[PDB]
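Peer 1: This one is query.txt, compact mmCIF, N, CA, C and O atoms and all ligand atoms.
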# COMPACT_ATOMS: atom_id res chain seq x y z
N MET K 1 3.25 -27.56 -15.20
CA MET K 1 2.48 -26.29 -15.01
C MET K 1 2.25 -26.05 -13.52
O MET K 1 2.02 -26.98 -12.75
N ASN K 2 2.30 -24.77 -13.12
CA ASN K 2 2.09 -24.40 -11.72
C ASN K 2 1.05 -23.29 -11.61
O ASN K 2 1.19 -22.23 -12.22
N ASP K 3 0.00 -23.55 -10.82
CA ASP K 3 -1.06 -22.57 -10.62
C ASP K 3 -1.06 -22.02 -9.19
O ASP K 3 -2.03 -21.41 -8.75
N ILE K 4 0.06 -22.21 -8.48
CA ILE K 4 0.18 -21.71 -7.10
C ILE K 4 0.65 -20.25 -7.11
O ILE K 4 0.37 -19.50 -6.18
N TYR K 5 1.36 -19.86 -8.17
CA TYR K 5 1.87 -18.49 -8.30
C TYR K 5 0.71 -17.51 -8.48
O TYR K 5 0.78 -16.37 -8.03
N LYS K 6 -0.34 -17.98 -9.15
CA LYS K 6 -1.52 -17.14 -9.39
C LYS K 6 -2.39 -17.09 -8.14
O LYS K 6 -2.96 -16.05 -7.80
N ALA K 7 -2.48 -18.23 -7.45
CA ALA K 7 -3.27 -18.32 -6.22
C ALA K 7 -2.54 -17.64 -5.05
O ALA K 7 -3.17 -17.18 -4.10
N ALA K 8 -1.20 -17.59 -5.13
CA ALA K 8 -0.39 -16.98 -4.07
C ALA K 8 -0.24 -15.47 -4.30
O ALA K 8 -0.27 -14.70 -3.34
N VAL K 9 -0.08 -15.07 -5.56
CA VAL K 9 0.08 -13.64 -5.88
C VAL K 9 -1.14 -12.84 -5.41
O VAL K 9 -1.02 -11.68 -5.02
N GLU K 10 -2.32 -13.49 -5.45
CA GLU K 10 -3.56 -12.84 -5.01
C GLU K 10 -3.61 -12.73 -3.48
O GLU K 10 -4.33 -11.88 -2.94
N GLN K 11 -2.84 -13.58 -2.79
CA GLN K 11 -2.81 -13.56 -1.32
C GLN K 11 -1.91 -12.43 -0.82
O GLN K 11 -2.23 -11.75 0.15
N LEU K 12 -0.77 -12.24 -1.51
CA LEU K 12 0.18 -11.20 -1.14
C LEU K 12 -0.41 -9.81 -1.37
O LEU K 12 -1.24 -9.61 -2.26
N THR K 13 0.02 -8.86 -0.54
CA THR K 13 -0.46 -7.48 -0.64
C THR K 13 0.58 -6.59 -1.32
O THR K 13 1.73 -6.99 -1.52
N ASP K 14 0.16 -5.36 -1.65
CA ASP K 14 1.06 -4.40 -2.29
C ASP K 14 2.17 -4.00 -1.32
O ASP K 14 3.30 -3.72 -1.72
N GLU K 15 1.83 -3.99 -0.02
CA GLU K 15 2.79 -3.63 1.02
C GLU K 15 3.95 -4.64 1.06
O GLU K 15 5.11 -4.26 1.23
N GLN K 16 3.61 -5.92 0.91
CA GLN K 16 4.62 -6.98 0.92
C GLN K 16 5.60 -6.80 -0.24
O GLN K 16 6.81 -6.87 -0.05
N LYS K 17 5.06 -6.53 -1.43
CA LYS K 17 5.90 -6.32 -2.61
C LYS K 17 6.69 -5.01 -2.47
O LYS K 17 7.81 -4.91 -2.97
N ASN K 18 6.10 -4.03 -1.78
CA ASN K 18 6.77 -2.74 -1.56
C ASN K 18 8.03 -2.95 -0.73
O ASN K 18 9.10 -2.42 -1.05
N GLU K 19 7.90 -3.74 0.35
CA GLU K 19 9.04 -4.03 1.22
C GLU K 19 10.06 -4.89 0.47
O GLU K 19 11.27 -4.68 0.57
N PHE K 20 9.54 -5.86 -0.29
CA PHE K 20 10.39 -6.76 -1.08
C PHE K 20 11.21 -5.97 -2.10
O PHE K 20 12.39 -6.24 -2.31
N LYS K 21 10.56 -4.99 -2.75
CA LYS K 21 11.23 -4.16 -3.75
C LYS K 21 12.35 -3.34 -3.10
O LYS K 21 13.47 -3.27 -3.63
N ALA K 22 12.05 -2.73 -1.95
CA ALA K 22 13.04 -1.93 -1.23
C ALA K 22 14.17 -2.83 -0.72
O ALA K 22 15.35 -2.49 -0.83
N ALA K 23 13.79 -3.98 -0.16
CA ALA K 23 14.76 -4.95 0.36
C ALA K 23 15.66 -5.48 -0.76
O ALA K 23 16.78 -5.92 -0.51
N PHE K 24 15.16 -5.43 -2.00
CA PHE K 24 15.93 -5.89 -3.15
C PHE K 24 16.82 -4.77 -3.67
O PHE K 24 18.03 -4.94 -3.81
N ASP K 25 16.20 -3.62 -3.96
CA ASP K 25 16.92 -2.45 -4.49
C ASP K 25 18.13 -2.06 -3.62
O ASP K 25 19.17 -1.68 -4.15
N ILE K 26 17.97 -2.14 -2.29
CA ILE K 26 19.07 -1.78 -1.38
C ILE K 26 20.33 -2.59 -1.70
O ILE K 26 21.45 -2.07 -1.64
N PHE K 27 20.14 -3.86 -2.05
CA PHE K 27 21.26 -4.74 -2.40
C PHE K 27 21.67 -4.53 -3.86
O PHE K 27 22.84 -4.69 -4.21
N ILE K 28 20.70 -4.17 -4.70
CA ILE K 28 20.96 -3.93 -6.13
C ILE K 28 21.28 -2.45 -6.39
O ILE K 28 20.89 -1.89 -7.41
N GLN K 29 22.01 -1.84 -5.45
CA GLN K 29 22.40 -0.43 -5.60
C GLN K 29 23.49 -0.29 -6.66
O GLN K 29 23.58 0.74 -7.34
N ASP K 30 24.31 -1.33 -6.81
CA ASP K 30 25.39 -1.32 -7.80
C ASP K 30 25.71 -2.75 -8.26
O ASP K 30 26.87 -3.12 -8.41
N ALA K 31 24.65 -3.54 -8.50
CA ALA K 31 24.83 -4.92 -8.95
C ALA K 31 25.30 -4.95 -10.41
O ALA K 31 25.11 -4.00 -11.16
N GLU K 32 25.91 -6.07 -10.79
CA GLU K 32 26.42 -6.24 -12.15
C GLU K 32 25.27 -6.50 -13.13
O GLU K 32 25.18 -5.87 -14.18
N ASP K 33 24.41 -7.45 -12.76
CA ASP K 33 23.26 -7.80 -13.61
C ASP K 33 21.96 -7.27 -13.02
O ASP K 33 21.05 -6.87 -13.76
N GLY K 34 21.87 -7.26 -11.68
CA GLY K 34 20.67 -6.78 -11.00
C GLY K 34 20.05 -7.88 -10.14
O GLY K 34 18.87 -8.19 -10.27
N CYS K 35 20.87 -8.45 -9.26
CA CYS K 35 20.41 -9.52 -8.38
C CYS K 35 21.29 -9.61 -7.13
O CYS K 35 22.35 -8.99 -7.06
N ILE K 36 20.83 -10.39 -6.15
CA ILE K 36 21.57 -10.56 -4.90
C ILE K 36 22.26 -11.93 -4.89
O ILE K 36 22.16 -12.69 -5.85
N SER K 37 22.95 -12.23 -3.79
CA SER K 37 23.65 -13.51 -3.66
C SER K 37 22.77 -14.53 -2.94
O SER K 37 22.05 -14.19 -2.00
N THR K 38 22.86 -15.78 -3.39
CA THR K 38 22.08 -16.87 -2.78
C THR K 38 22.43 -16.99 -1.29
O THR K 38 21.56 -17.21 -0.45
N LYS K 39 23.72 -16.82 -0.98
CA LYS K 39 24.19 -16.89 0.41
C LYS K 39 23.71 -15.67 1.21
O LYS K 39 23.59 -15.74 2.44
N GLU K 40 23.42 -14.57 0.51
CA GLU K 40 22.95 -13.34 1.16
C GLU K 40 21.44 -13.41 1.47
O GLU K 40 20.89 -12.48 2.07
N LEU K 41 20.78 -14.51 1.07
CA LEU K 41 19.35 -14.68 1.33
C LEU K 41 19.06 -14.63 2.83
O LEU K 41 18.08 -14.03 3.27
N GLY K 42 19.94 -15.26 3.62
CA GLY K 42 19.78 -15.27 5.08
C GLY K 42 19.86 -13.85 5.67
O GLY K 42 19.40 -13.61 6.79
N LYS K 43 20.44 -12.92 4.90
CA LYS K 43 20.58 -11.54 5.35
C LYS K 43 19.30 -10.74 5.07
O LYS K 43 18.88 -9.92 5.90
N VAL K 44 18.69 -10.97 3.90
CA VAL K 44 17.47 -10.26 3.53
C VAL K 44 16.30 -10.70 4.42
O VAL K 44 15.43 -9.89 4.76
N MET K 45 16.28 -11.98 4.80
CA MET K 45 15.22 -12.51 5.67
C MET K 45 15.26 -11.81 7.03
O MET K 45 14.22 -11.51 7.61
N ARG K 46 16.48 -11.57 7.52
CA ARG K 46 16.66 -10.90 8.81
C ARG K 46 16.15 -9.46 8.76
O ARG K 46 15.61 -8.95 9.74
N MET K 47 16.33 -8.81 7.60
CA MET K 47 15.89 -7.43 7.43
C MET K 47 14.38 -7.36 7.17
O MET K 47 13.71 -6.43 7.62
N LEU K 48 13.86 -8.35 6.44
CA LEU K 48 12.43 -8.40 6.12
C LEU K 48 11.60 -8.70 7.38
O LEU K 48 10.70 -7.94 7.74
N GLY K 49 11.92 -9.82 8.03
CA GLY K 49 11.21 -10.23 9.24
C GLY K 49 11.14 -11.75 9.34
O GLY K 49 10.06 -12.33 9.39
N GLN K 50 12.32 -12.38 9.36
CA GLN K 50 12.41 -13.84 9.44
C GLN K 50 13.76 -14.26 10.03
O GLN K 50 14.74 -13.51 9.97
N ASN K 51 13.80 -15.46 10.60
CA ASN K 51 15.03 -15.97 11.20
C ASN K 51 15.13 -17.50 11.04
O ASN K 51 14.95 -18.25 12.01
N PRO K 52 15.41 -17.96 9.82
CA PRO K 52 15.54 -19.41 9.53
C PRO K 52 16.92 -19.96 9.88
O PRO K 52 17.71 -19.31 10.57
N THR K 53 17.21 -21.17 9.39
CA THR K 53 18.50 -21.81 9.64
C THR K 53 19.30 -21.87 8.33
O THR K 53 18.78 -21.52 7.27
N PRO K 54 20.56 -22.30 8.38
CA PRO K 54 21.40 -22.40 7.17
C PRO K 54 20.98 -23.55 6.26
O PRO K 54 21.15 -23.49 5.04
N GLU K 55 20.41 -24.60 6.87
CA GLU K 55 19.95 -25.76 6.11
C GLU K 55 18.54 -25.50 5.56
O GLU K 55 18.22 -25.89 4.44
N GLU K 56 17.72 -24.82 6.37
CA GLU K 56 16.34 -24.50 5.97
C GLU K 56 16.34 -23.51 4.81
O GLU K 56 15.70 -23.74 3.78
N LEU K 57 17.06 -22.39 4.98
CA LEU K 57 17.14 -21.37 3.94
C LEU K 57 17.76 -21.94 2.65
O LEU K 57 17.37 -21.55 1.55
N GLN K 58 18.72 -22.86 2.81
CA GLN K 58 19.38 -23.48 1.65
C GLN K 58 18.35 -24.14 0.73
O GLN K 58 18.40 -23.96 -0.49
N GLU K 59 17.42 -24.88 1.32
CA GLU K 59 16.38 -25.56 0.55
C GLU K 59 15.51 -24.54 -0.19
O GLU K 59 15.11 -24.75 -1.33
N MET K 60 15.22 -23.42 0.49
CA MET K 60 14.40 -22.36 -0.10
C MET K 60 15.11 -21.75 -1.31
O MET K 60 14.49 -21.54 -2.36
N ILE K 61 16.41 -21.47 -1.16
CA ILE K 61 17.20 -20.88 -2.24
C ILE K 61 17.11 -21.74 -3.51
O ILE K 61 16.53 -21.31 -4.50
N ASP K 62 17.69 -22.94 -3.45
CA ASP K 62 17.67 -23.86 -4.60
C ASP K 62 16.25 -24.02 -5.16
O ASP K 62 16.08 -24.14 -6.38
N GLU K 63 15.25 -24.04 -4.28
CA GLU K 63 13.85 -24.19 -4.70
C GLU K 63 13.40 -23.01 -5.57
O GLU K 63 12.86 -23.21 -6.66
N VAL K 64 13.62 -21.79 -5.07
CA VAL K 64 13.22 -20.58 -5.80
C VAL K 64 14.16 -20.28 -6.97
O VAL K 64 13.80 -19.54 -7.89
N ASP K 65 15.38 -20.83 -6.92
CA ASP K 65 16.36 -20.59 -7.98
C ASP K 65 15.93 -21.31 -9.26
O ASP K 65 16.30 -22.47 -9.50
N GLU K 66 15.13 -20.61 -10.06
CA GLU K 66 14.61 -21.17 -11.31
C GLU K 66 15.72 -21.38 -12.34
O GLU K 66 15.73 -22.38 -13.07
N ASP K 67 16.66 -20.43 -12.40
CA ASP K 67 17.77 -20.52 -13.36
C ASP K 67 18.89 -21.42 -12.82
O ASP K 67 19.45 -22.24 -13.56
N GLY K 68 19.23 -21.26 -11.54
CA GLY K 68 20.29 -22.05 -10.93
C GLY K 68 21.66 -21.55 -11.37
O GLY K 68 22.54 -22.34 -11.72
N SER K 69 21.82 -20.22 -11.36
CA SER K 69 23.09 -19.61 -11.78
C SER K 69 23.99 -19.35 -10.58
O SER K 69 25.17 -19.72 -10.58
N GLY K 70 23.43 -18.70 -9.55
CA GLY K 70 24.19 -18.38 -8.35
C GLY K 70 23.63 -17.13 -7.66
O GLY K 70 23.75 -16.98 -6.44
N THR K 71 23.02 -16.24 -8.45
CA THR K 71 22.44 -15.01 -7.91
C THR K 71 20.92 -15.12 -7.83
O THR K 71 20.30 -15.86 -8.60
N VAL K 72 20.33 -14.36 -6.91
CA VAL K 72 18.88 -14.37 -6.74
C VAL K 72 18.28 -13.07 -7.26
O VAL K 72 18.49 -11.99 -6.69
N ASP K 73 17.52 -13.18 -8.34
CA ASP K 73 16.88 -12.01 -8.94
C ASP K 73 15.54 -11.73 -8.24
O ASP K 73 15.17 -12.44 -7.31
N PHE K 74 14.83 -10.71 -8.71
CA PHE K 74 13.54 -10.36 -8.11
C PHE K 74 12.52 -11.47 -8.34
O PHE K 74 11.65 -11.71 -7.50
N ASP K 75 12.63 -12.16 -9.48
CA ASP K 75 11.72 -13.26 -9.79
C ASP K 75 11.92 -14.39 -8.79
O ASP K 75 10.96 -15.05 -8.38
N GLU K 76 13.18 -14.60 -8.40
CA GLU K 76 13.53 -15.64 -7.42
C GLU K 76 13.27 -15.13 -5.99
O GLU K 76 13.06 -15.92 -5.07
N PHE K 77 13.29 -13.80 -5.84
CA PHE K 77 13.07 -13.18 -4.53
C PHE K 77 11.57 -13.20 -4.18
O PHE K 77 11.20 -13.44 -3.03
N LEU K 78 10.72 -12.93 -5.18
CA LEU K 78 9.27 -12.90 -4.97
C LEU K 78 8.69 -14.31 -4.80
O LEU K 78 7.78 -14.51 -3.99
N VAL K 79 9.20 -15.27 -5.58
CA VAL K 79 8.70 -16.65 -5.52
C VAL K 79 8.84 -17.24 -4.11
O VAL K 79 8.08 -18.12 -3.74
N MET K 80 9.82 -16.76 -3.35
CA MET K 80 10.05 -17.26 -1.98
C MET K 80 8.75 -17.32 -1.17
O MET K 80 8.58 -18.21 -0.33
N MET K 81 7.85 -16.38 -1.42
CA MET K 81 6.57 -16.34 -0.70
C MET K 81 5.57 -17.34 -1.29
O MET K 81 4.93 -18.10 -0.55
N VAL K 82 5.42 -17.31 -2.61
CA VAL K 82 4.47 -18.20 -3.30
C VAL K 82 4.95 -19.66 -3.33
O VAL K 82 4.13 -20.58 -3.34
N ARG K 83 6.27 -19.86 -3.34
CA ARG K 83 6.84 -21.22 -3.36
C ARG K 83 6.34 -22.05 -2.17
O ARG K 83 6.32 -23.28 -2.23
N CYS K 84 5.94 -21.36 -1.09
CA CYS K 84 5.43 -22.05 0.10
C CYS K 84 4.24 -22.94 -0.25
O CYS K 84 4.03 -23.98 0.37
N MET K 85 3.47 -22.53 -1.27
CA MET K 85 2.30 -23.31 -1.71
C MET K 85 2.74 -24.70 -2.18
O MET K 85 2.16 -25.71 -1.78
N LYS K 86 3.79 -24.73 -3.01
CA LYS K 86 4.31 -26.00 -3.52
C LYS K 86 5.14 -26.69 -2.44
O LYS K 86 6.29 -26.32 -2.18
N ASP K 87 4.54 -27.69 -1.80
CA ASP K 87 5.21 -28.43 -0.73
C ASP K 87 6.19 -29.45 -1.30
O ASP K 87 7.27 -29.67 -0.74
N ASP K 88 5.81 -30.07 -2.43
CA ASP K 88 6.66 -31.08 -3.08
C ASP K 88 6.86 -32.29 -2.15
O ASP K 88 7.99 -32.71 -1.89
N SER K 89 5.74 -32.83 -1.66
CA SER K 89 5.78 -33.98 -0.76
C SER K 89 4.82 -35.07 -1.24
O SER K 89 5.29 -36.18 -1.47
CA CA W 101 19.84 -17.26 -9.95
Let's see the structure in the file written out as structure tokens.
Peer 2:
Amino acid sequence: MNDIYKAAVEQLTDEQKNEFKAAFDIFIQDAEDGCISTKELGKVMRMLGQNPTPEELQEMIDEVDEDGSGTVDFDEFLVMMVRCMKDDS
């Protein structure tokens, strides 16, 4: 069980989700299922307001990838912020 998503969702603002939704929809303009690419995560961060590394972002991807299919949905896109709570150390 995880209670960080509830404690983190309350921290995030509507503006953050607004940007996240737009940052997602832009890529999901003609998606097959309705998600982005795990490798494209480094691209959305640059547009949102972040500049990580290929090894750093990689850990974030697999971490937020609840299904582990290959594409990043909105559920996996939003968790990126709340997942910070779970350090796993
Ligand atoms: Ca996925």
Peer 1: Return as a list in words every polymer residue, whether protein, DNA or RNA, with at least one atom no more than 8 Å from an atom of ligand CA 101 (chain W); count only C-alpha atoms and all ligand atoms.
Peer 2: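 The distance check yields residues 35, 38, 65, 66, 67, 68, 69, 70, 71, 72, 73 and 76 of chain K.
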Peer 1: Select from chain K everything DSSP, run on the backbone, classes as strand (DSSP E), then give the selection as a PyMOL selection string.
Peer 2: chain K and resi 36-37+71-72
Peer 1: Using all atoms listed in the file, find the one residue out of K:57, K:82, K:36, K:7 that sits nearest to residue 23 of chain K.
Peer 2: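 Checking each candidate against residue 23 of chain K, we get K:36 as the closest.
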Peer 1: If you run DSSP on the backbone here, which positions in segment 37-79 of chain K get alpha helix (DSSP H)? Please write them as a PDB file with N, CA, C and O atoms, in the frame of the given file.
Peer 2:
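Saved file result-v7.pdb follows:
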ATOM      1  N   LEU K  41      20.780 -14.510   1.070  1.00  0.00           N
ATOM      2  CA  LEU K  41      19.350 -14.680   1.330  1.00  0.00           C
ATOM      3  C   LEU K  41      19.060 -14.630   2.830  1.00  0.00           C
ATOM      4  O   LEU K  41      18.080 -14.030   3.270  1.00  0.00           O
ATOM      5  N   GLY K  42      19.940 -15.260   3.620  1.00  0.00           N
ATOM      6  CA  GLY K  42      19.780 -15.270   5.080  1.00  0.00           C
ATOM      7  C   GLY K  42      19.860 -13.850   5.670  1.00  0.00           C
ATOM      8  O   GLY K  42      19.400 -13.610   6.790  1.00  0.00           O
ATOM      9  N   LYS K  43      20.440 -12.920   4.900  1.00  0.00           N
ATOM     10  CA  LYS K  43      20.580 -11.540   5.350  1.00  0.00           C
ATOM     11  C   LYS K  43      19.300 -10.740   5.070  1.00  0.00           C
ATOM     12  O   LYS K  43      18.880  -9.920   5.900  1.00  0.00           O
ATOM     13  N   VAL K  44      18.690 -10.970   3.900  1.00  0.00           N
ATOM     14  CA  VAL K  44      17.470 -10.260   3.530  1.00  0.00           C
ATOM     15  C   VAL K  44      16.300 -10.700   4.420  1.00  0.00           C
ATOM     16  O   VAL K  44      15.430  -9.890   4.760  1.00  0.00           O
ATOM     17  N   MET K  45      16.280 -11.980   4.800  1.00  0.00           N
ATOM     18  CA  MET K  45      15.220 -12.510   5.670  1.00  0.00           C
ATOM     19  C   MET K  45      15.260 -11.810   7.030  1.00  0.00           C
ATOM     20  O   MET K  45      14.220 -11.510   7.610  1.00  0.00           O
ATOM     21  N   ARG K  46      16.480 -11.570   7.520  1.00  0.00           N
ATOM     22  CA  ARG K  46      16.660 -10.900   8.810  1.00  0.00           C
ATOM     23  C   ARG K  46      16.150  -9.460   8.760  1.00  0.00           C
ATOM     24  O   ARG K  46      15.610  -8.950   9.740  1.00  0.00           O
ATOM     25  N   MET K  47      16.330  -8.810   7.600  1.00  0.00           N
ATOM     26  CA  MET K  47      15.890  -7.430   7.430  1.00  0.00           C
ATOM     27  C   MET K  47      14.380  -7.360   7.170  1.00  0.00           C
ATOM     28  O   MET K  47      13.710  -6.430   7.620  1.00  0.00           O
ATOM     29  N   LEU K  48      13.860  -8.350   6.440  1.00  0.00           N
ATOM     30  CA  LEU K  48      12.430  -8.400   6.120  1.00  0.00           C
ATOM     31  C   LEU K  48      11.600  -8.700   7.380  1.00  0.00           C
ATOM     32  O   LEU K  48      10.700  -7.940   7.740  1.00  0.00           O
ATOM     33  N   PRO K  54      20.560 -22.300   8.380  1.00  0.00           N
ATOM     34  CA  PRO K  54      21.400 -22.400   7.170  1.00  0.00           C
ATOM     35  C   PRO K  54      20.980 -23.550   6.260  1.00  0.00           C
ATOM     36  O   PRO K  54      21.150 -23.490   5.040  1.00  0.00           O
ATOM     37  N   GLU K  55      20.410 -24.600   6.870  1.00  0.00           N
ATOM     38  CA  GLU K  55      19.950 -25.760   6.110  1.00  0.00           C
ATOM     39  C   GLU K  55      18.540 -25.500   5.560  1.00  0.00           C
ATOM     40  O   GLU K  55      18.220 -25.890   4.440  1.00  0.00           O
ATOM     41  N   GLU K  56      17.720 -24.820   6.370  1.00  0.00           N
ATOM     42  CA  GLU K  56      16.340 -24.500   5.970  1.00  0.00           C
ATOM     43  C   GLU K  56      16.340 -23.510   4.810  1.00  0.00           C
ATOM     44  O   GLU K  56      15.700 -23.740   3.780  1.00  0.00           O
ATOM     45  N   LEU K  57      17.060 -22.390   4.980  1.00  0.00           N
ATOM     46  CA  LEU K  57      17.140 -21.370   3.940  1.00  0.00           C
ATOM     47  C   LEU K  57      17.760 -21.940   2.650  1.00  0.00           C
ATOM     48  O   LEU K  57      17.370 -21.550   1.550  1.00  0.00           O
ATOM     49  N   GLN K  58      18.720 -22.860   2.810  1.00  0.00           N
ATOM     50  CA  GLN K  58      19.380 -23.480   1.650  1.00  0.00           C
ATOM     51  C   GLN K  58      18.350 -24.140   0.730  1.00  0.00           C
ATOM     52  O   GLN K  58      18.400 -23.960  -0.490  1.00  0.00           O
ATOM     53  N   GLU K  59      17.420 -24.880   1.320  1.00  0.00           N
ATOM     54  CA  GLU K  59      16.380 -25.560   0.550  1.00  0.00           C
ATOM     55  C   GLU K  59      15.510 -24.540  -0.190  1.00  0.00           C
ATOM     56  O   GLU K  59      15.110 -24.750  -1.330  1.00  0.00           O
ATOM     57  N   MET K  60      15.220 -23.420   0.490  1.00  0.00           N
ATOM     58  CA  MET K  60      14.400 -22.360  -0.100  1.00  0.00           C
ATOM     59  C   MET K  60      15.110 -21.750  -1.310  1.00  0.00           C
ATOM     60  O   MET K  60      14.490 -21.540  -2.360  1.00  0.00           O
ATOM     61  N   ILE K  61      16.410 -21.470  -1.160  1.00  0.00           N
ATOM     62  CA  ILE K  61      17.200 -20.880  -2.240  1.00  0.00           C
ATOM     63  C   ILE K  61      17.110 -21.740  -3.510  1.00  0.00           C
ATOM     64  O   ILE K  61      16.530 -21.310  -4.500  1.00  0.00           O
ATOM     65  N   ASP K  62      17.690 -22.940  -3.450  1.00  0.00           N
ATOM     66  CA  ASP K  62      17.670 -23.860  -4.600  1.00  0.00           C
ATOM     67  C   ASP K  62      16.250 -24.020  -5.160  1.00  0.00           C
ATOM     68  O   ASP K  62      16.080 -24.140  -6.380  1.00  0.00           O
ATOM     69  N   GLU K  63      15.250 -24.040  -4.280  1.00  0.00           N
ATOM     70  CA  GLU K  63      13.850 -24.190  -4.700  1.00  0.00           C
ATOM     71  C   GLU K  63      13.400 -23.010  -5.570  1.00  0.00           C
ATOM     72  O   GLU K  63      12.860 -23.210  -6.660  1.00  0.00           O
ATOM     73  N   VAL K  64      13.620 -21.790  -5.070  1.00  0.00           N
ATOM     74  CA  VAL K  64      13.220 -20.580  -5.800  1.00  0.00           C
ATOM     75  C   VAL K  64      14.160 -20.280  -6.970  1.00  0.00           C
ATOM     76  O   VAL K  64      13.800 -19.540  -7.890  1.00  0.00           O
ATOM     77  N   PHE K  74      14.830 -10.710  -8.710  1.00  0.00           N
ATOM     78  CA  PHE K  74      13.540 -10.360  -8.110  1.00  0.00           C
ATOM     79  C   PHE K  74      12.520 -11.470  -8.340  1.00  0.00           C
ATOM     80  O   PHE K  74      11.650 -11.710  -7.500  1.00  0.00           O
ATOM     81  N   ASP K  75      12.630 -12.160  -9.480  1.00  0.00           N
ATOM     82  CA  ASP K  75      11.720 -13.260  -9.790  1.00  0.00           C
ATOM     83  C   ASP K  75      11.920 -14.390  -8.790  1.00  0.00           C
ATOM     84  O   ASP K  75      10.960 -15.050  -8.380  1.00  0.00           O
ATOM     85  N   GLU K  76      13.180 -14.600  -8.400  1.00  0.00           N
ATOM     86  CA  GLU K  76      13.530 -15.640  -7.420  1.00  0.00           C
ATOM     87  C   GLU K  76      13.270 -15.130  -5.990  1.00  0.00           C
ATOM     88  O   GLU K  76      13.060 -15.920  -5.070  1.00  0.00           O
ATOM     89  N   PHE K  77      13.290 -13.800  -5.840  1.00  0.00           N
ATOM     90  CA  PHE K  77      13.070 -13.180  -4.530  1.00  0.00           C
ATOM     91  C   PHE K  77      11.570 -13.200  -4.180  1.00  0.00           C
ATOM     92  O   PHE K  77      11.200 -13.440  -3.030  1.00  0.00           O
ATOM     93  N   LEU K  78      10.720 -12.930  -5.180  1.00  0.00           N
ATOM     94  CA  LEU K  78       9.270 -12.900  -4.970  1.00  0.00           C
ATOM     95  C   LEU K  78       8.690 -14.310  -4.800  1.00  0.00           C
ATOM     96  O   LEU K  78       7.780 -14.510  -3.990  1.00  0.00           O
ATOM     97  N   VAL K  79       9.200 -15.270  -5.580  1.00  0.00           N
ATOM     98  CA  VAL K  79       8.700 -16.650  -5.520  1.00  0.00           C
ATOM     99  C   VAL K  79       8.840 -17.240  -4.110  1.00  0.00           C
ATOM    100  O   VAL K  79       8.080 -18.120  -3.740  1.00  0.00           O
TER     101      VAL K  79
END
Peer 1: Write out as a PyMOL selection string which residues come within 8 Å of segment 8-21 of chain K when counting only N, CA, C and O atoms, dropping same-chain ones fewer than 4 positions away.
Peer 2: chain K and resi 3-4+25-28+44+47-48+74+77-78+81-83+85
Peer 1: What does the distance between atom N of residue 39 of chain K and atom N of residue 87 of chain K come to in Å, to one decimal place?
Peer 2: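 These two atoms are separated by 22.1 Å.
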Peer 1: Atom O of residue 40 of chain K to atom N of residue 5 of chain K: how many Å, to one decimal?
Peer 2: 23.3 Å
Peer 1: Between atom CA of residue 32 of chain K and atom CA of residue 61 of chain K, measure the distance and give it in Å to one decimal.
Peer 2: 19.9 Å
Peer 1: Considering only N, CA, C and O atoms, state which residue in the set K:80, K:29, K:1, K:50 is at the smallest distance from residue 64 of chain K.
Peer 2: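 Using only N, CA, C and O atoms, residue 64 of chain K sits closest to K:80.
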Peer 1: Box along x, y and z, 8 Å on every side, all listed atoms of segment 50-66 of chain K inside: centre and edge lengths in Å to one decimal, as AutoDock Vina command-line options.
Peer 2:
--center_x 16.9 --center_y -19.1 --center_z -0.5 --size_x 25.1 --size_y 29.5 --size_z 41.1
